[PDB]
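Report on the structure given below.
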Amino acid sequence: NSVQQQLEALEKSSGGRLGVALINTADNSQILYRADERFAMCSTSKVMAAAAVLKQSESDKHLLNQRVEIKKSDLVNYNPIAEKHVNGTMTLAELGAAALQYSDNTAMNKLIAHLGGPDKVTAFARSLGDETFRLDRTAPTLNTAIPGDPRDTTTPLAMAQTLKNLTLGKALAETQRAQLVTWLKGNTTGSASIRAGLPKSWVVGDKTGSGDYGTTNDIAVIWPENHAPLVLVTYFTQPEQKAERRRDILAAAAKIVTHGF
Ligand SMILES: *C(=O)[C@@H](NC(=O)Cc1ccccc1)[C@@H]1N[C@@H](C(=O)O)C(C)(C)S1
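Count along the sequence shown from 1, add 1, and you get the number used in mature numbering (1 follows the signal peptide of the UniProt record, and there is no 0).
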């Protein structure tokens, strides 16, 4: 019962479409399941927005500190930290933190706003050699996850490759890179996703995602106790527009692929 057989059974039993991509930084080997298929990134795209700003902070020693005003008209569906700062301000850095660690949607838009639109995030991705990733809308519409809809999608492999480069590779300058990582490890929303499928003693930084069509995503970087890091992307989506999220499926995927590390 190969890993693939385990994944296939998982997908089948879930009555959904599972997308998995793990890269073992130890030997650069990987495990792939529908990893070349497009899935709606949902909030996992936030990482690209954050990295985009860190990249330009490399060239702007003042950037990250710059303050941003938070008005009640900025609030959208999910703004856990943006609200607390309505009538006050938030620095680019704080926005980055709220967007990744709490997946604050207002935060994401501010970041997109600052960058010059979704098209810019896409450009930043292209500049990072990622030719798959594409951001088309802002929060929360980027979370429609309509089957076969090209907008705001990527492939598990492409995201997996990029996450690696950003967190453990040549993408960001050391300081920025470390900052990104710090944010990912601090995420508070992935407790039941990938993290729930790994040894509790292992270090993980991740960015979850939720959307229509019961789309359930999580992308993470894992630091095993005595092994090189592992980069894992787990996307899951369903046929019925109002299907429930299945974070447990993500956990199962992680447990499955994580085995033997
Ligand atoms: C990113 O995916 C954001 N998603 C939404 O705004 C749509 C949504 C879906 C289900 C319930 C509420 C809102 C935010 N990121 C996800 C996530 O990290 O899983 C949230 C559920 C935090 S909303």
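Note that the Cβ used here is the ideal one computed from N, Cα and C, for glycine as well.
Below 7 Å CB to CB, which residues in the same chain sit around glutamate 38 once its five sequence neighbours on both sides are set aside?
-> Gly20 and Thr156
Which same chain residues, not among the five before or five after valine 232, have their C-beta less than 6 Å away from its C-beta?
-> When the five nearest sequence neighbours on each side are left out, the beta carbons in the same chain lying within less than 6 Å of the beta carbon of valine 232 are those of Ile24, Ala161, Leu164, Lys165 and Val222, in order along the chain.
Take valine 87 and list the residues in its own chain whose beta-carbon comes closer than 8 Å to its own, dropping the five residues that flank it on each side.
-> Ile71, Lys72, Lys73, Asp75 and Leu76
Closer than 6 Å from C-beta to any heavy atom of ligand 1: which residues, in chain order?
-> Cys43, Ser44, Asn78, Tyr79, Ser104, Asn106, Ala140, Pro141, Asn144, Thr190, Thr209, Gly210, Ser211 and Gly212
For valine 122, the first and last residue of its enclosing beta strand (DSSP E) | Looking at the DSSP string, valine 122 is not in any beta strand (DSSP E); the run it does join, the alpha helix (DSSP H), is 119-128.
Residue span of the alpha helix (DSSP H) that contains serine 15, given as start and end = That run of the alpha helix (DSSP H) goes 4-15.
Starting from the Cα of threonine 123, find the closest Cα among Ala179, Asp213, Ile195 and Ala53 and give me that residue.
-> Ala53
Exposed or buried, what is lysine 171 when buried is set at 16 or more other beta-carbons lying within 10 Å of its beta-carbon?
-> exposed
Terminal residues of the continuous beta strand (DSSP E) containing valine 204?
-> 204-212
Answer yes or no: do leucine 251 and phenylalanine 237 have a C-beta to C-beta separation smaller than 8 Å?
-> A contact, by the Cβ cut-off of 8 Å.
Go through its chain and collect everything with a Cβ distance to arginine 68's Cβ below 6 Å, but skip five positions before and after it.
-> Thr90 and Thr92
Determine the extent of the alpha helix (DSSP H) in which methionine 49 is found, giving its start and end residues.
-> 47-58
Looking only at its own chain, which residues have a Cβ that is under 8 Å from the Cβ of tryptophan 203, when we skip the five neighbours before and after it?
-> Spatial neighbours of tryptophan 203 in its own chain (CB-CB distance under 8 Å, excluding positions within 5 residues in sequence) are listed in chain order as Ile223, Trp224, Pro225 and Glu226.
CB-CB length for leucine 8 against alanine 254, believed under 8 Å | 7 Å
N- and C-terminal bounds of the beta strand (DSSP E) containing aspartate 219 = Its beta strand (DSSP E) spans residues 216-224.
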